[PDB]
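Below sits a lone chain in structure tokens, taken as the form deposited in one PDB entry.
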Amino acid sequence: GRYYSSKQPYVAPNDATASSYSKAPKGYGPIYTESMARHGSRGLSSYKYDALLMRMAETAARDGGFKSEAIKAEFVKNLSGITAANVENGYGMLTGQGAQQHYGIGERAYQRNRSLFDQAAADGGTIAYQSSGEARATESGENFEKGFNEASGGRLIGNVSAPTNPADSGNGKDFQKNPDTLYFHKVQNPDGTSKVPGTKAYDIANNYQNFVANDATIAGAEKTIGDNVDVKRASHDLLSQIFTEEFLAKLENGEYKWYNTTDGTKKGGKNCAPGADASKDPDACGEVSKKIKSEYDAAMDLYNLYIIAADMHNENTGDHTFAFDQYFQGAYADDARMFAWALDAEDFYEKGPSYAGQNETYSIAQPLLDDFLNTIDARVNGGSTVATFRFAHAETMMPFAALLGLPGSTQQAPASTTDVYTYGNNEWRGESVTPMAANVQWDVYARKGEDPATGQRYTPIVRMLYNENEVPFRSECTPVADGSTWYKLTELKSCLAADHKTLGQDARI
């Protein structure tokens, strides 16, 4: 493991963690739970990083550009192996690991709220499954659903809310498409529909896309980061394990250049991964304009294979093994850290807290935060939906984390194109903010009856898990008592809003 950026595989809680979540205060019992999770680990999106590096390898073999015969053979074996794994799985598809991530999250979701769901099975409580409508998010949800149902012995299968707009009529029939809360970052919805002009959802997505496309600070900071000399040095360092100085020198002065075509040249034809059927897996045929024209390009492509390889752990087996981690050992691990920063920086600036003086990058998550609260109200107010399980994307989680002020997402970069986001000046990391299957879950409990002092019902209370670790809400929020991670619903409605005001003494039970 190491420096996987937002390709970090989900770290499931150990038995100690899962058995030690805090108990709600005396008199409070479960009434609702909800979640939003990023899809699980996926393979390569297309025949691209693996394609281009194989074209480079073929040229190195022809021109004597590998450091040794053993090194040549090992590099080609690694590339062939990851390509073969993707051809078999289908490019872009959920990996075995990605399925297991969601299966486990689903199992433990039932287990943590066994009392809630056993009551629901008896009382007619219903479960709502939602996705953005994107196939990998829905398929992640399907695995969560399988795990949840196995853990509960099928006793909640008859308790699923029928969607009014299902993801599909087959395996995804239980999933309601909700791209306003799970794909708020784009006008174009995954199902081929688009948000309607004049609606809040449209403006949120459109204003955001226009903002990031044209913002001078983001553009300048990204140029500064793209020109980073130490990343260029790390690129050379990484590649010199494999290729000769003479070969890499020709790359650095433009004598070598590879395109994603049949022969690696611009005049080559459209290519397809070996063994793939273009009609069944269109993503096995890459875009020809994709290219390697510098050491930076080749090294970042190699780094991308290293991080996806971790996500493809289950496919790293038998007749299609690969060992990209061997290029990132010892001093070379520090190169991985540089490449991780380069990737994290782009996400940070475009989708995360980004630079000080704006909130355009993450205010877009407001519809999801609104729904997190609104679905609690629906239940508290007499509704039958006891859980809402949502499945979405890194583009959903990153701004959601920043808007909530979750750990890791509390620091904006300076308002500067030169004094930029770095690992030394910012806590944000893809690996911890938005790993594969990243998720936020809230549990809601209530004390029954009317408070004799108010003649009204007791305020419900809420507790959060982030990647299945129990965490406090943001520091402005006051919990129900000293030493508690439970918070009044009234308090969250105040303290999670943009003013972040606490109700103070009125937050205490």
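The numbering used is simple: start at 1 and walk along the sequence shown. Between two forms, the rigid core is defined as the largest C-alpha subset superposing within 1.5 Å.
The same protein also has a form deposited in another entry, omitted here; what follows describes it.
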>> I want to make sure I read this right: if the two forms are fitted on their rigid core, which of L403, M338, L248, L156 has a C-alpha displacement of 2 angstroms or more between the shown form and the other one?
In response: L248
>> Rigid core aligned, does the Cα position of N86 differ by 2 Å or more between the shown form and the other one?
In response: yes
>> Relative to the superposed rigid core, does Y32 relocate between the shown form and the other one - that is, does its Cα move 2 Å or more?
In response: no
> Do you see a C-alpha shift of 2 Å or more at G264 between the shown form and the other one, with the core held fixed?
Replying inline: yes
